[PDB]
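Let's start with one chain on its own, the form deposited in one PDB entry, as structure tokens.
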């Protein structure tokens, strides 16, 4: 029965994995039935025109589409039609709360809303980037993939991560019911390689309390 007990998965797998490698994959996170329900909720968001072009933290002159080709919407988890996405978010949060004080030196107190994202085939992807390069509070990226029948050799869409200090990169296929964690800072630059079929994923970013407070102070003072 999935999801697995959070305490053991967090302390005996996620924590040591994250501290050693900065990247952790949990396959078959919620099971087929729940994963399919999430897929249907995501496809209904897509079908009803909720997605908008993905955006960047800062922009000068470049079109966002020369950088990221996905379309997204932000989900709080309590919206009608998003109940199973809410269960996913609650399950991610459960894991993080069982990791309190054990993920590096971070104190994780909060997170973003969920970013439901679609790369609509057609070779769309995301150029090599860092999720939080300049201290905006994000310390852990958590992604759930929902692509049933994804054949990455044909459809592409691999997330390639270049973890600092390793002799090989980490290729993450966007597999159905796969959960991924990685450090959001400069230790993990990464690319979404071009996707040739419709590719869905849901991301939440967890905040380190002290860094996020400093970032909010900068925003609220116009700096």
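Numbering follows the first chain given and starts at 1. Whichever C-alpha set is largest while still superposing within 1.5 Å between the two forms counts as the rigid core.
Just so it is clear, the following notes concern the form deposited in another entry, a form of the same protein that is not shown.
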In 171, 27, 66, 33, the 2 Å or greater C-alpha shift between the shown form and the other one, rigid core superposed, occurs only at 66
Using a superposition on the rigid core, decide whether the Cα position of residue 54 changes by 2 angstroms or more between the shown form and the other one.
-> yes
Looking in the other entry, decide if the C-alpha atoms of residue 130 and residue 63 are closer or farther than in the form shown; they differ by 3 Å or more.
-> farther
Which is it in the other entry for the CA atoms of residue 120 and residue 55, closer or farther than here, knowing they shift by 3 Å or more?
-> closer
